[PDB]
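Have a look at the structure below before the remarks.
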Amino acid sequence: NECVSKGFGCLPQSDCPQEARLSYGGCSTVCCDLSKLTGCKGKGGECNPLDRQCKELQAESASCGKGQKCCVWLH
């Protein structure tokens with residue numbers, strides 16, 4: 001099991017898209033990068049202030065008030 005050790009899902013080829021299909025093994029069908037399927041929620045995300053140049057994403061941070069800038073990475 002590789003996709004367990006890396007921290008992804010095992011969704012089928014019909015459910016997840018053709019691009020999210022990782023090359024790792026151990027699943028029942030195909031591995032799917034849940035970190036990169038959704039957005040800020042995919043790994044958990046972070047609001048930081050408008051003073052700090054980072055990333056912008058209207059999906060979640062749009063009502064953060066103080067620091068309406070959603071940032072997320074692979075880690």
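Every chain in the structure tokens has a letter given in the order shown (A, B, ...), and although residue numbers restart at 1 in each chain, ligands are simply numbered from 1 in the order shown.
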
Write out as a PyMOL selection string all residues of chain A that DSSP puts in strand (DSSP E or B) for this structure's backbone. chain A and resi 9+21+32+46-48+69-71

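Near residue A:15, within a cut-off of 12 Å and counting only C-alpha atoms, sit the residues residues 9, 10, 11, 19, 20, 21, 29, 30, 31, 32 and 37 of chain A, with same-chain residues fewer than 4 positions away left out.
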
Near stretch 40-57 of chain A, counting only C-alpha atoms, which residues have an atom at most 12 Å away, once you skip same-chain residues fewer than 3 positions from it, shown as a VMD selection string? chain A and resid 7 to 9 32 to 37 60 to 75

In Å, with one decimal, what is the gap from atom CA of residue A:28 to atom CA of residue A:6? 16.0 Å

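The space between atom CA of residue A:14 and atom CA of residue A:59 spans 25.1 Å.
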
Long-range neighbours of residue A:5 as a VMD selection string, 12 Å cut-off, only C-alpha atoms, 6 positions minimum in chain: chain A and resid 24 to 27 31

Go ahead and write the residues just picked, N, CA, C and O atoms, as a PDB file, in the first residue's frame.
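Now in again-v2.pdb:
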ATOM      1  N   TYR A  24       0.680   5.349  -8.244  1.00  0.00           N
ATOM      2  CA  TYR A  24       0.882   4.510  -7.068  1.00  0.00           C
ATOM      3  C   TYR A  24      -0.115   3.336  -7.009  1.00  0.00           C
ATOM      4  O   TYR A  24      -1.104   3.314  -7.744  1.00  0.00           O
ATOM      5  N   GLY A  25       0.133   2.377  -6.103  1.00  0.00           N
ATOM      6  CA  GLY A  25      -0.633   1.139  -5.964  1.00  0.00           C
ATOM      7  C   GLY A  25      -1.210   0.920  -4.561  1.00  0.00           C
ATOM      8  O   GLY A  25      -1.051   1.745  -3.660  1.00  0.00           O
ATOM      9  N   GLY A  26      -1.890  -0.225  -4.407  1.00  0.00           N
ATOM     10  CA  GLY A  26      -2.473  -0.737  -3.169  1.00  0.00           C
ATOM     11  C   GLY A  26      -3.992  -0.557  -3.061  1.00  0.00           C
ATOM     12  O   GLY A  26      -4.613  -1.222  -2.232  1.00  0.00           O
ATOM     13  N   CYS A  27      -4.598   0.311  -3.885  1.00  0.00           N
ATOM     14  CA  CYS A  27      -6.042   0.540  -3.942  1.00  0.00           C
ATOM     15  C   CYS A  27      -6.800  -0.622  -4.606  1.00  0.00           C
ATOM     16  O   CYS A  27      -6.202  -1.630  -4.982  1.00  0.00           O
ATOM     17  N   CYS A  31      -5.827   5.144  -7.534  1.00  0.00           N
ATOM     18  CA  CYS A  31      -5.602   6.175  -6.527  1.00  0.00           C
ATOM     19  C   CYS A  31      -5.999   7.549  -7.077  1.00  0.00           C
ATOM     20  O   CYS A  31      -5.806   7.820  -8.262  1.00  0.00           O
TER      21      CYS A  31
END

Could you write out, as a ChimeraX atom specification, all the residues of chain A that DSSP marks as alpha helix (DSSP H)? /A:3-6

File of the preceding selection, C-alpha atoms, as an mmCIF file, in the first residue's frame:
data_model
loop_
_atom_site.group_PDB
_atom_site.id
_atom_site.type_symbol
_atom_site.label_atom_id
_atom_site.label_comp_id
_atom_site.auth_asym_id
_atom_site.auth_seq_id
_atom_site.Cartn_x
_atom_site.Cartn_y
_atom_site.Cartn_z
ATOM 1 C CA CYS A 3 -1.520 5.567 -1.495
ATOM 2 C CA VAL A 4 -2.170 4.896 2.252
ATOM 3 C CA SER A 5 1.462 5.862 3.132
ATOM 4 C CA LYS A 6 1.245 9.083 1.006
#
